[PDB]
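Enquirer: Dumping the structure here so I can ask a few things about it.
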Amino acid sequence: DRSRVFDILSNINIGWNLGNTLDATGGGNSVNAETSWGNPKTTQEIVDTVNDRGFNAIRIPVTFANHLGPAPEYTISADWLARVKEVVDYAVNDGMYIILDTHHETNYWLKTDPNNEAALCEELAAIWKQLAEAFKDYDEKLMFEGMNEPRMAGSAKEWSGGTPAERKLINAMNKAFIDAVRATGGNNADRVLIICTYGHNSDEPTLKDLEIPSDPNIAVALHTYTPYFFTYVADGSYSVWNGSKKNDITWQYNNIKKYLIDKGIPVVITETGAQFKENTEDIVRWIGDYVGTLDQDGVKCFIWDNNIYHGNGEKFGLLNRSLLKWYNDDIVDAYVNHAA
Ligand SMILES: [Mg+2]
């Protein structure tokens with residue numbers, strides 16, 4: 001029975017990612033990494049604003065690599081650990097549901113070479129042991145997500161669920177993550193731990209090869225920016241949403257129900273969203289079809305928000321953090337009022 005995890009997740013309206021922030025990789029071994037991709041330093045007020053709008057869950061992506069000491073201890077720089085804790089505490093201060101992950105480790109040490117399994121598992125465990133210790137006394141609203149889109153960057157199947165060998169490696173890494181956290185005890189004994197597929201991919205072969213831990217306090221995370229050609233800008237992309245492509249969402253969701261939901265495994269969509277293409281009305285309709293599909297089985301999602309809206313880049317921005325005002329209240333309304 002995994003009902004405790006379902007109970008905790010049911011308290012979430014919809015979630016929000018503090019993107020391009022603690023996950024940013026500039027600045028070297030410095031707290032300045034946080035602002036290295038152009039976002040302002042996070043404040044209590046920024047977090048309050050997210051909560052107040054109706055996003056009562058926040059995902060805090062963090063890239064640790066540059067703040068780590070040498071193997072085998074991989075000691076997290078004290079200044080960085082303290083700053084990560086400060087940001088998590090903004091959310092705890094507001095009684096929010098929280099996901100803390102490791103993030104762009106994939107730029108550094110987290111390269112899914114099956115021949116390097118031991119070193120990979122050991123580094124992931126060494127990092128999570130330290131995080132679990134730091135947050136050992138935190139309550140059940142704080143969840144850990146072991147990895148983010150773990151893959152081999154540049155590989156042929158980087159974004160299609162990788163290879164069978166890589167997927168076995170992911171299973172091993174998910175276990176190492178769970179094992180390291182549970183070993184620290186305290187509230188970490190039953191904290192919700194969120195494992196993932198290769199690249200957070202949700203294609204059938206990827207789901208089919210996913211090992212499900214016997215640990216009853218886990219959830220499986222996926223990233224479904226579906227359809228890719230609506231949500232991203234690429235040759236072949238479109239900004240119009242009239243429902244004709246809803247099938248792309250339905251098909252994929254059916255594989256998620258087949259392999260996870262209908263088996264009683266908790267699923268969380270820890271990233272999704274649609275880049276702004278001067279198509280407010282279309283995104284509002286897509287949200288209805290996409291989030292409405294997840295709502296059928298009470299699956300929760302967290303929206304990616306990188307604070308990019310007017311400028312160049314992937315325009316996932318929703319909250320203008322400097323002004324504490326939302327870039328687009330119609331899109332934001334559709335998200336937070338999804339259950340209405
Ligand atoms: Mg306890």
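Ordering of the structure tokens sets the chain letters (A, B, ...); residue numbers start at 1 within each chain; ligands are numbered from 1 in the order shown.
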Which chains and residue numbers are within 8 Å of ligand 1, counting only C-alpha atoms and all ligand atoms, if I want them as a count of residues only?
Expert: 5
Enquirer: Any chance you could tabulate, as CSV, the residues of range 235-271 of chain A at most 7 Å from range 292-306 of chain A with each one's nearest atom pair and distance in Å to one decimal, using only C-alpha atoms, in chain and rising number order?
Expert:
```
residue,atom,partner,partner_atom,distance
A:267,CA,A:299,CA,6.4
A:268,CA,A:300,CA,5.5
A:269,CA,A:301,CA,4.4
A:270,CA,A:302,CA,4.9
A:271,CA,A:302,CA,5.2
```
Enquirer: Using only C-alpha atoms for the distances, tell me which of A:114, A:54, A:185, A:28 is nearest to residue 80 in chain A.
Expert: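 Using only C-alpha atoms, residue 80 in chain A sits closest to A:28.
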Enquirer: Interatomic distance between CA of residue 256 in chain A and CA of residue 141 in chain A?
Expert: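 Separation of CA of residue 256 in chain A and CA of residue 141 in chain A: 24.4 Å.
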Enquirer: Counting only C-alpha atoms, which residue out of A:150, A:288, A:161, A:72 sits closest to residue 119 in chain A?
Expert: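 Going through A:150, A:288, A:161, A:72 one by one, the smallest distance to residue 119 in chain A is for A:72.
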Enquirer: Set the distance at 12 Å and use only C-alpha atoms: which residues neighbour residue 328 in chain A once local chain neighbours fewer than 2 positions away are removed? I'd like the list as a ChimeraX atom specification.
Expert: /A:275-281,283-284,307-310,315-320,325-326,330-335
Enquirer: With only C-alpha atoms as the atoms that count, which of A:36, A:273, A:223, A:230 lies nearest to residue 252 in chain A?
Expert: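 Of all the options, A:223 lies closest to residue 252 in chain A.
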Enquirer: Between A:287, A:26, A:228, A:2, single out the one closest to residue 213 in chain A, counting only C-alpha atoms.
Expert: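 Counting only C-alpha atoms, the residue closest to residue 213 in chain A is A:2.
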Enquirer: Among range 26-132 of chain A, which ones does DSSP assign to strand (DSSP E or B) (computed from the backbone)? Answer as a list in words.
Expert: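 Across range 26-132 of chain A, those assigned strand (DSSP E or B) are residues 57, 58, 59, 60, 68, 76, 97, 98, 99, 100, 101 and 111 of chain A.
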Enquirer: Take the residues that were just selected and, keeping N, CA, C and O atoms, output them as a compact mmCIF listing (two decimals), in the first residue's frame.
Expert:
```
# COMPACT_ATOMS: atom_id res chain seq x y z
N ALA A 57 2.81 24.34 -4.05
CA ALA A 57 3.95 23.44 -4.08
C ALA A 57 5.04 24.09 -4.92
O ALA A 57 4.75 24.74 -5.93
N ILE A 58 6.29 23.93 -4.49
CA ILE A 58 7.41 24.53 -5.21
C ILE A 58 8.50 23.49 -5.39
O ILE A 58 8.84 22.75 -4.45
N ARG A 59 9.02 23.40 -6.61
CA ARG A 59 10.20 22.57 -6.87
C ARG A 59 11.41 23.49 -6.93
O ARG A 59 11.38 24.52 -7.60
N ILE A 60 12.45 23.13 -6.19
CA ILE A 60 13.65 23.95 -6.08
C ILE A 60 14.78 23.17 -6.73
O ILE A 60 15.42 22.31 -6.10
N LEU A 68 30.85 21.07 -4.97
CA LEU A 68 31.28 19.84 -4.32
C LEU A 68 32.79 19.76 -4.19
O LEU A 68 33.53 20.20 -5.08
N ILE A 76 29.65 19.10 0.18
CA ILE A 76 28.98 20.29 -0.32
C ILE A 76 29.53 21.51 0.42
O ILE A 76 29.52 21.55 1.66
N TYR A 97 4.27 22.62 0.01
CA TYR A 97 4.85 21.34 -0.39
C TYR A 97 6.07 21.64 -1.23
O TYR A 97 6.06 22.60 -2.00
N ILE A 98 7.12 20.86 -1.05
CA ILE A 98 8.42 21.20 -1.63
C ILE A 98 9.08 19.99 -2.28
O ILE A 98 9.04 18.89 -1.72
N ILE A 99 9.68 20.20 -3.45
CA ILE A 99 10.59 19.20 -4.00
C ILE A 99 11.98 19.81 -4.09
O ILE A 99 12.16 20.86 -4.71
N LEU A 100 12.95 19.15 -3.46
CA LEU A 100 14.36 19.49 -3.65
C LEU A 100 14.99 18.42 -4.53
O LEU A 100 14.87 17.23 -4.24
N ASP A 101 15.65 18.81 -5.62
CA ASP A 101 16.31 17.84 -6.49
C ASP A 101 17.82 18.05 -6.56
O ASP A 101 18.36 18.92 -5.88
N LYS A 111 26.93 11.41 -16.04
CA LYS A 111 26.89 10.93 -17.42
C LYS A 111 26.59 9.45 -17.35
O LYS A 111 27.36 8.69 -16.75
```
Enquirer: Considering only C-alpha atoms, can you say which of A:15, A:243, A:227, A:311 comes closest to residue 274 in chain A?
Expert: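 For residue 274 in chain A, the nearest of the given residues is A:227.
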Enquirer: Which residues, written as a VMD selection string, have at least one atom at most 8 Å from residue 193 in chain A, with only C-alpha atoms counted and residues fewer than 4 positions away on the same chain left out?
Expert: chain A and resid 143 to 146 178 217 to 219
Enquirer: Keeping N, CA, C and O atoms, export the residues of the selection given above as a compact mmCIF listing (two decimals), in the first residue's frame.
Expert:
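Final output, saved to again_7.txt:
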```txt
# COMPACT_ATOMS: atom_id res chain seq x y z
N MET A 143 9.86 16.88 -0.01
CA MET A 143 10.14 15.64 -0.73
C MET A 143 11.48 15.80 -1.45
O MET A 143 11.88 16.93 -1.76
N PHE A 144 12.17 14.68 -1.67
CA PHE A 144 13.45 14.71 -2.39
C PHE A 144 13.25 14.07 -3.75
O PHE A 144 12.61 13.02 -3.85
N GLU A 145 13.81 14.68 -4.79
CA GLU A 145 13.81 14.07 -6.12
C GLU A 145 15.27 13.82 -6.50
O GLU A 145 16.05 14.76 -6.66
N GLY A 146 15.65 12.55 -6.61
CA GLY A 146 17.05 12.18 -6.70
C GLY A 146 17.85 12.82 -7.82
O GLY A 146 18.95 13.32 -7.61
N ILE A 178 17.63 6.21 -2.95
CA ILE A 178 16.72 5.81 -1.87
C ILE A 178 17.51 5.26 -0.69
O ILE A 178 17.28 5.64 0.46
N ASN A 217 7.19 4.49 0.18
CA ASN A 217 7.14 5.95 0.26
C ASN A 217 7.92 6.60 -0.87
O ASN A 217 8.75 7.47 -0.65
N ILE A 218 7.62 6.16 -2.09
CA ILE A 218 8.25 6.73 -3.28
C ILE A 218 7.21 7.19 -4.29
O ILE A 218 6.03 6.86 -4.17
N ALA A 219 7.65 7.99 -5.26
CA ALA A 219 6.80 8.40 -6.38
C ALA A 219 7.71 8.41 -7.58
O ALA A 219 8.92 8.52 -7.44
```
Enquirer: Taking only C-alpha atoms into account, name the residue in A:49, A:10, A:63, A:322 that is nearest to residue 30 in chain A.
Expert: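 Of all the options, A:63 lies closest to residue 30 in chain A.
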Enquirer: For the atom pair CA of residue 205 in chain A and CA of residue 125 in chain A, what is the interatomic distance in Å to one decimal place?
Expert: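 About the pair CA of residue 205 in chain A and CA of residue 125 in chain A: they are 26.7 Å apart.
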Enquirer: DSSP on the backbone: what in range 140-259 of chain A comes out helix (DSSP H, G or I), as a PyMOL selection string?
Expert: chain A and resi 164-182+186-189+198-200+204-208+228-231+246-259
